[PDB]
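Engineer: Build the 3D model from these lines:
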Amino acid sequence: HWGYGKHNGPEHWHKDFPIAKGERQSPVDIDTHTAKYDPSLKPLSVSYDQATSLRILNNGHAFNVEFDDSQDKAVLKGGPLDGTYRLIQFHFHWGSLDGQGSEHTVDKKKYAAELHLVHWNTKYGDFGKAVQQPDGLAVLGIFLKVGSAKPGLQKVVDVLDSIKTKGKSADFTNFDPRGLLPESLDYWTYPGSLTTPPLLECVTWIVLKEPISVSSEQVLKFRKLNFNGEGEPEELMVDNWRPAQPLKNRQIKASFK
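Structural biologist: Numbers count the residues shown, from 1 in each chain. Shown next is the protein structure:
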């Protein structure tokens, strides 16, 4: 099955998921000189005060922080979006070294990691229905650079030792995702896809301009996770990013001048 190695990584995914070669794949390189300012775009509304995290999971690719999405508790609206999108999970992509790890790039610059906050359009009732629609998901993408520690990340880092290997989960209640956001909500937006199989072309991407800072020690803990299951040969969970895909017939729009 799919992964990030030489024999199962991104260049192979098209054989089981032919949309990998589709017209609206993600991630992409954001060329800052050609993204146009769109004064028609709104400020993004991120309303995470009532978010209810439940659990953290090592799914063998990354780890997922899961939320209760059975009510409008943690929602994204505004920006480029019509209607209301409910938070279901967040996860990260990261590198073996600080010079790689992000999925999106900015003028070909790779960040050390990228955080994806995944939200589904409430008009489709559930996540599984949403991913079948071109406007089903909104993903907030946030770059990570290595510098100062991010205090709001430490609770996640703390728990990783308990979910080392594929299939392990742990209770992860009362975690506040607001502590993962940068100061500014300036963004770029474009239509794309999930960045892991099944690569469905159901996402409005909202990529924040301002990265967050995390410490080297925080990142290093991500790189101690394992892609393998318990008692199998150790293969460090690093370099779990898909490279940039062709932009094709798309425009990237900027919320800011």
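Engineer: which ones are touching the residue lying closest to residue 12 once chain neighbours are set aside?
Structural biologist: Excluding the flanking residues, the one nearest residue 12 by C-beta to C-beta, 6 or more residues apart in numbering is residue 2, at 7.3 Å. C-betas here are computed from N, CA, C, even on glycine. Taking C-beta atoms under 8 Å, 6 or more residues apart in numbering, we find residue 2 in contact with 8-9, 12-13, 16-17, 196-197.
Engineer: Quick check: which element contains the nearest residue to residue 127 once chain neighbours are set aside?
Structural biologist: The shortest distance from residue 127 to any non-neighbouring residue, by C-beta to C-beta, 6+ apart, is to residue 120 (4.7 Å). Using DSSP states H and E, residue 120 sits within strand 113-121.
Engineer: Quick check: buried residues in the helix or strand just after that strand?
Structural biologist: Later in the chain than strand 113-121, the nearest helix or strand by DSSP H and E is helix 127-130. Neighbour counts using 16 or more other C-beta atoms under 10 Å place 127, 130 of helix 127-130 among the buried residues.
Engineer: Show me what helix 127-130 is in contact with.
Structural biologist: Residues contacting helix 127-130 (C-beta under 8 Å, 6+ apart): 69, 88, 120-121, 124, 136-137, 202.
Engineer: which pair in these spans the largest distance?
Structural biologist: Among those, the pair separated by the greatest distance (C-beta to C-beta) is 69 and 202, at 16.0 Å.
Engineer: ok, which stretches of the stretch 101-250 of the chain are strands?
Structural biologist: All strands of the stretch 101-250 of the chain, identified by DSSP state E, counting those that start in this stretch, fall at 105-106, 113-121, 137-146, 169-171, 187-192, 203-208, 212-214.
Engineer: want to throw the ones you listed into CSV with mean neighbour count and distance to residue 220?
Structural biologist: Listed next are these as CSV, based on neighbours: other C-beta atoms under 10 Å; distance: least, C-beta to C-beta, whole Å:
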stretch, mean neighbour count, distance to residue 220
strand 105-106, 18, 23
strand 113-121, 25, 12
strand 137-146, 23, 10
strand 169-171, 14, 20
strand 187-192, 22, 29
strand 203-208, 24, 24
strand 212-214, 21, 10
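Engineer: Looking at the ones you listed, spot the one closest to residue 222.
Structural biologist: Closest among the strands of the stretch 101-250 of the chain, using C-beta to C-beta: strand 113-121, at 7.2 Å.
Engineer: Sheet partners, orientation included, of the closest one?
Structural biologist: In the sheet, strand 113-121 lines up against strand 85-94 (antiparallel), strand 137-146 (antiparallel) (DSSP bridges).
Engineer: Out of the ones you listed, flag the one nearest residue 156.
Structural biologist: Residue 156 lies closest to strand 85-94 among the strands paired with strand 113-121, at 8.9 Å (C-beta to C-beta).
Engineer: so how far is the closest one off the chain centroid?
Structural biologist: Strand 85-94 has its C-alpha centroid displaced from the chain centroid by 5 Å (C-alpha atoms, centre = their mean, to the nearest Å).
Engineer: One more: stretch 164-171?
Structural biologist: On the basis of C-alpha atoms, centre = their mean, stretch 164-171 is displaced by 19 Å from the centre of the chain it belongs to.
Engineer: same deal with stretch 122-131?
Structural biologist: Taking C-alpha atoms, centre = their mean, one finds the center of stretch 122-131 at 18 Å from the center of the full chain.
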